[PDB]
>>> print(open('my_file-v1.cif').read())   # mmCIF, C-alpha atoms and all ligand atoms
data_query
#
loop_
_atom_site.group_PDB
_atom_site.id
_atom_site.type_symbol
_atom_site.label_atom_id
_atom_site.label_comp_id
_atom_site.auth_asym_id
_atom_site.auth_seq_id
_atom_site.Cartn_x
_atom_site.Cartn_y
_atom_site.Cartn_z
ATOM 1 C CA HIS A 7 -55.815 59.605 -51.686
ATOM 2 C CA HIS A 8 -52.798 57.549 -52.884
ATOM 3 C CA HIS A 9 -53.645 53.871 -52.573
ATOM 4 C CA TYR A 10 -55.684 51.418 -54.598
ATOM 5 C CA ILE A 11 -57.260 48.034 -54.033
ATOM 6 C CA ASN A 12 -55.011 45.540 -55.793
ATOM 7 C CA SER A 13 -56.548 42.163 -54.961
ATOM 8 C CA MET A 14 -59.432 40.274 -53.397
ATOM 9 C CA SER A 15 -59.741 36.952 -51.602
ATOM 10 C CA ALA A 16 -62.510 34.999 -49.904
ATOM 11 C CA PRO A 17 -63.175 31.516 -48.493
ATOM 12 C CA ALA A 18 -63.291 28.597 -50.909
ATOM 13 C CA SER A 19 -66.718 27.504 -49.621
ATOM 14 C CA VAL A 20 -69.604 29.540 -48.203
ATOM 15 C CA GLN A 21 -73.066 28.790 -46.825
ATOM 16 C CA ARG A 22 -75.964 30.672 -48.385
ATOM 17 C CA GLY A 23 -77.609 33.099 -45.983
ATOM 18 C CA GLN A 24 -74.502 33.132 -43.750
ATOM 19 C CA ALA A 25 -72.198 36.134 -43.863
ATOM 20 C CA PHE A 26 -68.527 35.543 -44.615
ATOM 21 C CA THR A 27 -65.523 37.816 -44.976
ATOM 22 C CA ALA A 28 -63.809 38.912 -48.172
ATOM 23 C CA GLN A 29 -60.326 40.405 -47.921
ATOM 24 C CA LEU A 30 -59.269 43.439 -49.944
ATOM 25 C CA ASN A 31 -55.578 44.284 -50.315
ATOM 26 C CA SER A 32 -54.233 47.748 -51.069
ATOM 27 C CA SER A 33 -50.939 49.270 -52.186
ATOM 28 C CA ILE A 34 -49.501 52.773 -52.353
ATOM 29 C CA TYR A 35 -49.597 54.606 -55.679
ATOM 30 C CA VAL A 36 -47.860 57.704 -57.027
ATOM 31 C CA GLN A 37 -50.979 59.063 -58.723
ATOM 32 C CA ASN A 38 -53.937 60.242 -56.709
ATOM 33 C CA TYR A 39 -56.401 57.374 -56.427
ATOM 34 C CA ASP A 40 -59.857 57.102 -54.855
ATOM 35 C CA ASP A 41 -61.665 53.849 -54.105
ATOM 36 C CA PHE A 42 -65.360 54.752 -54.054
ATOM 37 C CA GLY A 43 -66.939 51.376 -53.370
ATOM 38 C CA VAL A 44 -67.033 47.700 -54.211
ATOM 39 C CA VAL A 45 -69.991 45.910 -55.781
ATOM 40 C CA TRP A 46 -70.141 42.202 -54.947
ATOM 41 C CA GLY A 47 -71.440 39.841 -57.593
ATOM 42 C CA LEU A 48 -72.089 36.127 -57.851
ATOM 43 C CA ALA A 49 -71.598 34.896 -61.408
ATOM 44 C CA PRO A 50 -71.698 31.616 -63.346
ATOM 45 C CA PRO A 51 -68.205 30.083 -63.502
ATOM 46 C CA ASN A 52 -68.263 30.226 -67.329
ATOM 47 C CA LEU A 53 -68.891 34.001 -67.385
ATOM 48 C CA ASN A 54 -67.397 35.619 -70.503
ATOM 49 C CA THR A 55 -66.381 39.230 -69.786
ATOM 50 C CA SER A 56 -65.582 39.913 -73.453
ATOM 51 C CA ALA A 57 -69.212 39.299 -74.457
ATOM 52 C CA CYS A 58 -70.609 40.694 -71.182
ATOM 53 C CA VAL A 59 -68.399 43.720 -70.587
ATOM 54 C CA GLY A 60 -68.507 44.804 -66.946
ATOM 55 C CA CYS A 61 -70.653 41.890 -65.759
ATOM 56 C CA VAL A 62 -70.471 40.678 -62.144
ATOM 57 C CA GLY A 63 -73.565 38.449 -62.070
ATOM 58 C CA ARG A 64 -76.195 38.663 -59.351
ATOM 59 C CA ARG A 65 -75.585 41.618 -57.041
ATOM 60 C CA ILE A 66 -75.120 40.235 -53.523
ATOM 61 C CA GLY A 67 -73.657 43.298 -51.796
ATOM 62 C CA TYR A 68 -72.204 46.767 -52.096
ATOM 63 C CA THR A 69 -69.503 48.301 -49.881
ATOM 64 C CA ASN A 70 -69.146 52.067 -49.750
ATOM 65 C CA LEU A 71 -65.579 53.151 -49.002
ATOM 66 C CA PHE A 72 -65.410 56.911 -49.590
ATOM 67 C CA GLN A 79 -60.382 53.978 -42.897
ATOM 68 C CA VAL A 80 -58.860 51.717 -45.586
ATOM 69 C CA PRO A 81 -55.212 50.835 -44.748
ATOM 70 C CA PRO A 82 -53.067 52.281 -47.559
ATOM 71 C CA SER A 83 -50.747 49.250 -47.871
ATOM 72 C CA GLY A 84 -52.507 46.473 -45.996
ATOM 73 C CA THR A 85 -55.596 44.359 -45.621
ATOM 74 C CA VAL A 86 -59.220 45.119 -44.837
ATOM 75 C CA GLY A 87 -62.034 42.672 -44.175
ATOM 76 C CA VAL A 88 -65.469 43.165 -45.730
ATOM 77 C CA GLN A 89 -68.784 41.476 -44.940
ATOM 78 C CA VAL A 90 -70.462 39.602 -47.795
ATOM 79 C CA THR A 91 -73.536 37.340 -47.783
ATOM 80 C CA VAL A 92 -74.776 35.004 -50.499
ATOM 81 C CA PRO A 93 -78.602 35.227 -50.389
ATOM 82 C CA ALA A 94 -80.373 32.306 -48.750
ATOM 83 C CA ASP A 95 -82.304 31.482 -51.941
ATOM 84 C CA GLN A 96 -79.171 31.003 -54.063
ATOM 85 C CA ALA A 97 -78.956 27.631 -55.751
ATOM 86 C CA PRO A 98 -75.972 25.615 -54.478
ATOM 87 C CA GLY A 99 -73.026 24.966 -56.738
ATOM 88 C CA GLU A 100 -69.830 26.523 -58.025
ATOM 89 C CA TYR A 101 -69.749 30.251 -58.762
ATOM 90 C CA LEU A 102 -67.433 33.160 -59.355
ATOM 91 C CA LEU A 103 -67.417 35.785 -56.625
ATOM 92 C CA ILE A 104 -66.716 39.070 -58.396
ATOM 93 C CA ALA A 105 -65.612 42.293 -56.726
ATOM 94 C CA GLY A 106 -66.110 45.426 -58.781
ATOM 95 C CA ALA A 107 -64.088 48.318 -57.383
ATOM 96 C CA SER A 108 -65.062 51.755 -58.663
ATOM 97 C CA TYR A 109 -62.209 54.239 -58.760
ATOM 98 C CA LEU A 110 -60.895 57.619 -59.813
ATOM 99 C CA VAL A 111 -57.216 57.988 -60.716
ATOM 100 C CA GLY A 112 -54.939 60.772 -61.872
ATOM 101 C CA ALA A 113 -55.073 64.492 -62.531
ATOM 102 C CA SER A 114 -57.522 63.959 -65.399
ATOM 103 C CA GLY A 115 -59.918 62.017 -63.165
ATOM 104 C CA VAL A 116 -60.169 58.726 -65.047
ATOM 105 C CA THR A 117 -63.032 56.726 -63.528
ATOM 106 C CA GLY A 118 -63.964 53.100 -64.002
ATOM 107 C CA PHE A 119 -64.166 49.661 -62.441
ATOM 108 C CA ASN A 120 -61.449 47.160 -61.609
ATOM 109 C CA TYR A 121 -62.637 43.569 -61.314
ATOM 110 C CA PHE A 122 -61.335 40.756 -59.108
ATOM 111 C CA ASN A 123 -62.763 37.254 -58.972
ATOM 112 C CA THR A 124 -62.383 33.993 -57.120
ATOM 113 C CA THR A 125 -64.114 30.659 -57.334
ATOM 114 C CA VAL A 126 -66.454 29.850 -54.456
ATOM 115 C CA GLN A 127 -68.569 26.811 -53.650
ATOM 116 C CA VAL A 128 -72.012 27.847 -52.395
ATOM 117 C CA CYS A 129 -73.367 25.220 -50.004
ATOM 118 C CA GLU A 130 -76.803 24.934 -48.407
ATOM 119 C CA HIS B 7 -84.567 48.981 -57.366
ATOM 120 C CA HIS B 8 -86.156 49.987 -60.711
ATOM 121 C CA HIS B 9 -85.121 53.586 -61.259
ATOM 122 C CA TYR B 10 -81.981 55.253 -62.562
ATOM 123 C CA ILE B 11 -80.261 58.615 -62.672
ATOM 124 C CA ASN B 12 -80.774 59.873 -66.223
ATOM 125 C CA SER B 13 -79.757 63.530 -66.007
ATOM 126 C CA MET B 14 -77.965 66.239 -64.059
ATOM 127 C CA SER B 15 -78.245 70.018 -63.843
ATOM 128 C CA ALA B 16 -76.376 72.738 -61.962
ATOM 129 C CA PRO B 17 -76.249 76.539 -61.779
ATOM 130 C CA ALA B 18 -74.526 78.460 -64.553
ATOM 131 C CA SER B 19 -72.147 80.080 -62.050
ATOM 132 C CA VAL B 20 -70.790 78.902 -58.709
ATOM 133 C CA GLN B 21 -68.506 80.516 -56.157
ATOM 134 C CA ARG B 22 -65.346 78.655 -55.227
ATOM 135 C CA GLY B 23 -65.245 77.624 -51.586
ATOM 136 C CA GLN B 24 -69.054 77.719 -51.482
ATOM 137 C CA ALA B 25 -71.418 74.782 -51.763
ATOM 138 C CA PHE B 26 -73.972 74.894 -54.572
ATOM 139 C CA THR B 27 -76.982 72.694 -55.331
ATOM 140 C CA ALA B 28 -76.824 70.258 -58.242
ATOM 141 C CA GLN B 29 -79.936 68.386 -59.376
ATOM 142 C CA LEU B 30 -80.120 64.696 -60.287
ATOM 143 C CA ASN B 31 -83.156 63.454 -62.193
ATOM 144 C CA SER B 32 -84.272 59.837 -62.113
ATOM 145 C CA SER B 33 -86.631 57.785 -64.270
ATOM 146 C CA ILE B 34 -88.233 54.361 -64.093
ATOM 147 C CA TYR B 35 -86.192 51.431 -65.426
ATOM 148 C CA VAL B 36 -87.530 48.125 -66.739
ATOM 149 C CA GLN B 37 -84.653 45.946 -65.535
ATOM 150 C CA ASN B 38 -83.172 45.885 -62.053
ATOM 151 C CA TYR B 39 -80.964 48.944 -61.669
ATOM 152 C CA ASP B 40 -78.700 50.110 -58.839
ATOM 153 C CA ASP B 41 -77.168 53.573 -58.577
ATOM 154 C CA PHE B 42 -74.189 53.246 -56.254
ATOM 155 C CA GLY B 43 -72.794 56.786 -56.161
ATOM 156 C CA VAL B 44 -71.955 59.917 -58.115
ATOM 157 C CA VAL B 45 -68.455 61.349 -58.498
ATOM 158 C CA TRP B 46 -68.394 65.094 -59.189
ATOM 159 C CA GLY B 47 -65.562 66.514 -61.265
ATOM 160 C CA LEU B 48 -64.362 69.823 -62.668
ATOM 161 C CA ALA B 49 -62.930 69.337 -66.147
ATOM 162 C CA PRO B 50 -61.503 71.724 -68.733
ATOM 163 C CA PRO B 51 -64.240 73.069 -71.020
ATOM 164 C CA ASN B 52 -62.376 71.550 -74.014
ATOM 165 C CA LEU B 53 -62.219 67.996 -72.645
ATOM 166 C CA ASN B 54 -62.228 65.378 -75.415
ATOM 167 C CA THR B 55 -63.732 62.237 -73.885
ATOM 168 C CA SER B 56 -62.729 60.189 -76.943
ATOM 169 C CA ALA B 57 -59.099 60.842 -75.977
ATOM 170 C CA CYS B 58 -59.794 60.845 -72.202
ATOM 171 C CA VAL B 59 -62.196 57.930 -71.763
ATOM 172 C CA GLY B 60 -64.122 58.155 -68.495
ATOM 173 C CA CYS B 61 -62.506 61.417 -67.375
ATOM 174 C CA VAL B 62 -64.267 63.720 -64.907
ATOM 175 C CA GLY B 63 -61.402 66.138 -64.229
ATOM 176 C CA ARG B 64 -60.581 67.272 -60.707
ATOM 177 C CA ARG B 65 -62.605 65.476 -58.042
ATOM 178 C CA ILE B 66 -64.708 67.937 -56.039
ATOM 179 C CA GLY B 67 -67.240 65.596 -54.452
ATOM 180 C CA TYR B 68 -68.689 62.142 -54.111
ATOM 181 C CA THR B 69 -72.285 61.248 -53.316
ATOM 182 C CA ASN B 70 -72.965 57.756 -52.042
ATOM 183 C CA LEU B 71 -76.432 56.643 -53.152
ATOM 184 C CA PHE B 72 -76.711 52.992 -52.058
ATOM 185 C CA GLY B 73 -78.164 51.668 -48.823
ATOM 186 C CA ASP B 74 -79.875 53.388 -45.925
ATOM 187 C CA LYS B 75 -76.759 55.383 -44.987
ATOM 188 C CA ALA B 76 -77.030 57.016 -48.411
ATOM 189 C CA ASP B 77 -76.131 60.692 -48.686
ATOM 190 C CA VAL B 78 -79.410 61.438 -50.499
ATOM 191 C CA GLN B 79 -82.589 59.525 -51.330
ATOM 192 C CA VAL B 80 -83.334 59.408 -55.076
ATOM 193 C CA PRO B 81 -87.068 59.312 -55.879
ATOM 194 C CA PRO B 82 -88.100 56.626 -58.387
ATOM 195 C CA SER B 83 -89.121 59.415 -60.772
ATOM 196 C CA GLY B 84 -88.230 63.042 -60.182
ATOM 197 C CA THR B 85 -85.387 65.203 -58.913
ATOM 198 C CA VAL B 86 -83.194 65.486 -55.825
ATOM 199 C CA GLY B 87 -80.752 68.196 -54.807
ATOM 200 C CA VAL B 88 -77.140 67.425 -53.923
ATOM 201 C CA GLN B 89 -74.714 69.722 -52.116
ATOM 202 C CA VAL B 90 -71.429 69.993 -54.020
ATOM 203 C CA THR B 91 -68.590 72.305 -53.053
ATOM 204 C CA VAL B 92 -65.915 73.724 -55.340
ATOM 205 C CA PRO B 93 -62.467 73.815 -53.673
ATOM 206 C CA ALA B 94 -61.407 77.207 -52.348
ATOM 207 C CA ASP B 95 -58.216 77.104 -54.447
ATOM 208 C CA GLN B 96 -59.983 76.327 -57.741
ATOM 209 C CA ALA B 97 -58.839 78.678 -60.481
ATOM 210 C CA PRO B 98 -61.718 80.932 -61.614
ATOM 211 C CA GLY B 99 -63.058 80.356 -65.098
ATOM 212 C CA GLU B 100 -65.211 78.181 -67.318
ATOM 213 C CA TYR B 101 -65.357 74.442 -66.654
ATOM 214 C CA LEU B 102 -67.339 71.337 -67.378
ATOM 215 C CA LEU B 103 -69.067 70.011 -64.285
ATOM 216 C CA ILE B 104 -69.086 66.250 -64.813
ATOM 217 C CA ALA B 105 -71.157 63.756 -62.828
ATOM 218 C CA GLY B 106 -70.046 60.137 -62.982
ATOM 219 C CA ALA B 107 -72.793 57.777 -61.829
ATOM 220 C CA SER B 108 -71.717 54.209 -61.107
ATOM 221 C CA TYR B 109 -74.364 51.555 -61.614
ATOM 222 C CA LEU B 110 -75.298 47.895 -61.891
ATOM 223 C CA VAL B 111 -78.052 46.854 -64.313
ATOM 224 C CA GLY B 112 -79.751 43.647 -65.396
ATOM 225 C CA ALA B 113 -79.664 40.005 -64.383
ATOM 226 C CA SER B 114 -76.093 39.738 -65.710
ATOM 227 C CA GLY B 115 -75.007 42.584 -63.418
ATOM 228 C CA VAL B 116 -73.491 44.984 -65.947
ATOM 229 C CA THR B 117 -71.515 47.544 -63.936
ATOM 230 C CA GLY B 118 -70.148 50.826 -65.227
ATOM 231 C CA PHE B 119 -70.340 54.613 -65.210
ATOM 232 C CA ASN B 120 -72.719 57.047 -66.878
ATOM 233 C CA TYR B 121 -71.505 60.592 -67.448
ATOM 234 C CA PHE B 122 -73.484 63.833 -67.427
ATOM 235 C CA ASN B 123 -71.938 67.234 -67.986
ATOM 236 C CA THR B 124 -72.956 70.861 -67.855
ATOM 237 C CA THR B 125 -70.997 74.060 -68.328
ATOM 238 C CA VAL B 126 -70.272 76.023 -65.164
ATOM 239 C CA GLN B 127 -68.417 79.263 -64.458
ATOM 240 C CA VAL B 128 -66.320 79.224 -61.263
ATOM 241 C CA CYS B 129 -65.917 82.684 -59.722
ATOM 242 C CA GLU B 130 -63.717 84.108 -56.962
HETATM 243 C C1 LIG A 201 -53.215 40.327 -49.382
HETATM 244 O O1 LIG A 201 -52.073 40.965 -48.804
HETATM 245 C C2 LIG A 201 -51.388 40.263 -47.754
HETATM 246 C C3 LIG A 201 -50.129 41.059 -47.486
HETATM 247 O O2 LIG A 201 -50.416 42.439 -47.302
HETATM 248 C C4 LIG A 201 -51.084 38.814 -48.146
HETATM 249 O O3 LIG A 201 -50.638 38.103 -46.997
HETATM 250 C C5 LIG A 201 -52.308 38.129 -48.737
HETATM 251 O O4 LIG A 201 -51.972 36.828 -49.204
HETATM 252 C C6 LIG A 201 -52.831 38.965 -49.886
HETATM 253 N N1 LIG A 201 -53.928 38.298 -50.570
HETATM 254 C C7 LIG A 201 -54.015 38.253 -51.904
HETATM 255 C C8 LIG A 201 -55.195 37.523 -52.469
HETATM 256 O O5 LIG A 201 -53.174 38.781 -52.625
HETATM 257 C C1 LIG A 202 -61.269 36.189 -63.411
HETATM 258 O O1 LIG A 202 -59.998 36.739 -63.105
HETATM 259 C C2 LIG A 202 -58.939 36.274 -63.955
HETATM 260 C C3 LIG A 202 -57.673 36.905 -63.430
HETATM 261 O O2 LIG A 202 -57.560 36.714 -62.026
HETATM 262 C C4 LIG A 202 -59.231 36.643 -65.407
HETATM 263 O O3 LIG A 202 -58.228 36.082 -66.245
HETATM 264 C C5 LIG A 202 -60.601 36.122 -65.823
HETATM 265 O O4 LIG A 202 -60.931 36.607 -67.119
HETATM 266 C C6 LIG A 202 -61.667 36.579 -64.831
HETATM 267 N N1 LIG A 202 -62.963 36.028 -65.188
HETATM 268 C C7 LIG A 202 -64.061 36.781 -65.314
HETATM 269 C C8 LIG A 202 -65.317 36.056 -65.698
HETATM 270 O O5 LIG A 202 -64.042 37.991 -65.124
HETATM 271 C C1 LIG A 203 -85.213 66.990 -64.920
HETATM 272 O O1 LIG A 203 -84.106 67.813 -65.106
HETATM 273 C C2 LIG A 203 -84.386 68.897 -66.002
HETATM 274 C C3 LIG A 203 -83.099 69.683 -66.105
HETATM 275 O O2 LIG A 203 -81.984 68.822 -66.304
HETATM 276 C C4 LIG A 203 -85.573 69.744 -65.513
HETATM 277 O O3 LIG A 203 -85.985 70.589 -66.583
HETATM 278 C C5 LIG A 203 -86.761 68.897 -65.053
HETATM 279 O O4 LIG A 203 -87.708 69.710 -64.370
HETATM 280 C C6 LIG A 203 -86.280 67.757 -64.164
HETATM 281 N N1 LIG A 203 -87.390 66.917 -63.737
HETATM 282 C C7 LIG A 203 -88.432 67.394 -63.038
HETATM 283 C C8 LIG A 203 -89.483 66.397 -62.650
HETATM 284 O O5 LIG A 203 -88.524 68.581 -62.739
HETATM 285 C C1 LIG A 204 -71.678 66.775 -72.593
HETATM 286 O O1 LIG A 204 -72.961 66.146 -72.637
HETATM 287 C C2 LIG A 204 -73.392 65.936 -73.991
HETATM 288 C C3 LIG A 204 -74.816 65.434 -73.930
HETATM 289 O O2 LIG A 204 -75.721 66.462 -74.315
HETATM 290 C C4 LIG A 204 -72.436 64.983 -74.710
HETATM 291 O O3 LIG A 204 -72.842 64.855 -76.067
HETATM 292 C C5 LIG A 204 -71.013 65.522 -74.648
HETATM 293 O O4 LIG A 204 -70.102 64.583 -75.205
HETATM 294 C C6 LIG A 204 -70.633 65.838 -73.204
HETATM 295 N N1 LIG A 204 -69.297 66.403 -73.140
HETATM 296 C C7 LIG A 204 -68.227 65.681 -72.790
HETATM 297 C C8 LIG A 204 -66.914 66.406 -72.786
HETATM 298 O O5 LIG A 204 -68.317 64.496 -72.490
#
>>> encode(input="my_file-v1.cif", output="structure tokens", more="lines below")
Ligand SMILES: *[C@@H]1O[C@H](CO)[C@@H](O)[C@H](O)[C@H]1NC(C)=O
Ligand SMILES: *[C@@H]1O[C@H](CO)[C@@H](O)[C@H](O)[C@H]1NC(C)=O
Ligand SMILES: *[C@@H]1O[C@H](CO)[C@@H](O)[C@H](O)[C@H]1NC(C)=O
Ligand SMILES: *[C@@H]1O[C@H](CO)[C@@H](O)[C@H](O)[C@H]1NC(C)=O
Amino acid sequence: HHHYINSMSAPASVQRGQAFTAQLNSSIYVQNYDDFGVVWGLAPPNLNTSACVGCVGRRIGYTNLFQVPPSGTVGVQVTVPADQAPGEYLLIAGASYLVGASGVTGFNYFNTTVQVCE
Amino acid sequence: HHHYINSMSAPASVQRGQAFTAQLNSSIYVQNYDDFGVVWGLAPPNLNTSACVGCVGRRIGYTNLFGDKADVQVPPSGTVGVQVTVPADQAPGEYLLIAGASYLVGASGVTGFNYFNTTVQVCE
């Protein structure tokens, strides 16, 4: 229990209804750290997280994690629903976690721009 | 898809090293609502959450709630029991049992944690 997800990547373009792979990177940490899961969201590219605290957009997946390489890469399956309108979006990964002796829990967010094609 | 965990209960006393049954209630929700999982923590009885934002204390369990491989099936409205086990080395005494339920809600996809606590005595 001493590694955390530190970043997320994904293809620049995806086809709706067709699964693709998102990559999650991890690194070692001194404090105890638990990655519980990752919610996958598809958001408008203009999303304002200050006005919409915690927002990830439309939920398109959830990955339970609680396997994961402590200091490397893991691939995760993600699908944009077939009915999604084409265009530019933000793909948002919301990683739930616990850290430390006090058990601080929360979400870390990672995003990338993706083009959703028919 | 339209229900949410709104409360938690547990026994007044639990034996360390032994699993006990905690209860999670759920209610109907107007907007779309996902419960992803519940982290179970043992926190000092004096925990100030204003100073320790989002703290659950020592992690003693995690219940995955999403998908068909979910640990338990939450009824849209009602209660479900969850097996939670206090570590065998836990110091005896009074604690807060804290349940941290991760969620997503609404068309904007607001994600976060809801916290429910109850006082529990841990005995040898
Ligand atoms: C993830 O980590 C690997 C090295 O472990 C690196 O090659 C890759 O570029 C990283 N991706 C991101 C988005 O940081
Ligand atoms: C997307 O991530 C960047 C950092 O990688 C951050 O500055 C930006 O606020 C994020 N956007 C949203 C909508 O979360
Ligand atoms: C909801 O939980 C409370 C205790 O937290 C309990 O009194 C009640 O019976 C529960 N709901 C149902 C349907 O029993
Ligand atoms: C315990 O739950 C009550 C709700 O009845 C809440 O007011 C209180 O802040 C909780 N305690 C902590 C330490 O969060």
>>> resolve_selection(input="my_file-v1.cif", expression="the PyMOL selection byres (((not hetatm)) within 9 of (chain A and resi 202))", output="JSON, numbers by chain")
{"A": [13, 49, 50, 51, 52, 53, 54, 55, 56, 58, 60, 61, 62, 102, 104, 121, 122, 123, 124, 125]}
>>> interface_residues(input="my_file-v1.cif", of="chain B", to="chain A", cutoff="12 Å", atoms="only C-alpha atoms", output="ChimeraX atom specification")
/B:7,38-50,53-55,57-77,104-121
>>> residues_near_ligand(input="my_file-v1.cif", ligand="ligand LIG 203 (chain A)", cutoff="6 Å", atoms="only C-alpha atoms and all ligand atoms", output="list in words")
residues 13, 14, 15, 31, 84 and 85 of chain B
>>> resolve_selection(input="my_file-v1.cif", expression="the PyMOL selection byres (((not hetatm)) within 6 of (chain A and resi 201))", output="PyMOL selection string")
chain A and resi 13-15+31+84-85
>>> resolve_selection(input="my_file-v1.cif", expression="the PyMOL selection byres (((chain A and resi 90) around 6) and not hetatm)", output="PyMOL selection string")
chain A and resi 25-27+89+91
>>> closest_residue(input="my_file-v1.cif", among="B:78, B:126, B:34, B:102", to="ligand LIG 204 (chain A)", atoms="all atoms listed in the file")
B:102
>>> axis_aligned_box(input="my_file-v1.cif", around="ligand LIG 204 (chain A)", padding_each_side="6 Å", output="AutoDock Vina command-line options")
--center_x -71.3 --center_y 65.6 --center_z -74.3 --size_x 20.8 --size_y 14.3 --size_z 15.6
>>> residues_around(input="my_file-v1.cif", residues="residue 12 of chain B", least_positions_apart="5", cutoff="8 Å", atoms="only C-alpha atoms", output="PyMOL selection string")
chain B and resi 30-33
>>> atom_distance(input="my_file-v1.cif", atom1="atom CA of residue 93 of chain B", atom2="atom CA of residue 83 of chain A")
27.8 Å
>>> atom_distance(input="my_file-v1.cif", atom1="atom CA of residue 124 of chain B", atom2="atom CA of residue 16 of chain B")
7.1 Å
>>> atom_distance(input="my_file-v1.cif", atom1="atom CA of residue 105 of chain A", atom2="atom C6 of ligand LIG 204 (chain A)")
29.2 Å
>>> residues_near_point(input="my_file-v1.cif", point="(-71.4, 71.2, -53.8)", cutoff="6 Å", atoms="all atoms listed in the file", output="number ranges by chain")
B: 25-27, 89-91
>>> closest_residue(input="my_file-v1.cif", among="B:52, B:100, B:129, B:35", to="ligand LIG 204 (chain A)", atoms="only C-alpha atoms and all ligand atoms")
B:52
